[PDB]
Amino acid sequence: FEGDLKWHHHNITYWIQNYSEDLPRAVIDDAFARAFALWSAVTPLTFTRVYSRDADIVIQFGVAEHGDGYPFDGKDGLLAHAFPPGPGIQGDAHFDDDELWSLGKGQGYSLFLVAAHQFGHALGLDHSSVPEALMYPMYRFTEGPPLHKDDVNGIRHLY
């Protein structure tokens, strides 16, 4: 899931294909919108929700085998993955619905934080070595702005 390509356009589109059973559709839509807003806040990139497969980033929740050659392992383990910039499945973000999706403090994984992380991958970003960075390879819930100086620098170095 490591690429070397970047999007050749800044007006990125995304489509929420389906939803998780853990949260209301309104909460889901809002969580993704806010996740994208983190990246558009520090770059000339924009994110527009669409309802077509022609979208750059197709978002979907799946369980076990879901099309690609990387099935989800169910509870825990892989939480989700996003393919780097490119056509087709590239740029798409998949979330393991066998995981408990929630927000803020408490049990379950924050869909907001995991999505922001995945969108980083969808934009071409690789894992960061900075523990406090959103692109850190390890999930850990914390309060405060998700983007660390390292995340901002990385994304701006691309766009």
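The first residue of the sequence shown is number 1, and the count goes up from there.
If you average the C-alpha B-factors over 46 to 54 and over 119 to 127, the higher value belongs to 46 to 54. Two stretches are in play, 31 to 39 and 55 to 63, and the higher mean C-alpha B-factor belongs to 55 to 63.
Among all modelled residues in this chain, the alpha-carbon of residue 132 has a temperature factor (C-alpha) in the highest third.
Among all modelled residues in this chain, the alpha-carbon of residue 14 has a temperature factor (C-alpha) in the lowest third. Sorting the modelled residues of the chain by their CA temperature factor places residue 68 in the highest third.
Per the PDB record, residue ranking by Cα B-factor puts residue 155 in the lowest third of the chain.
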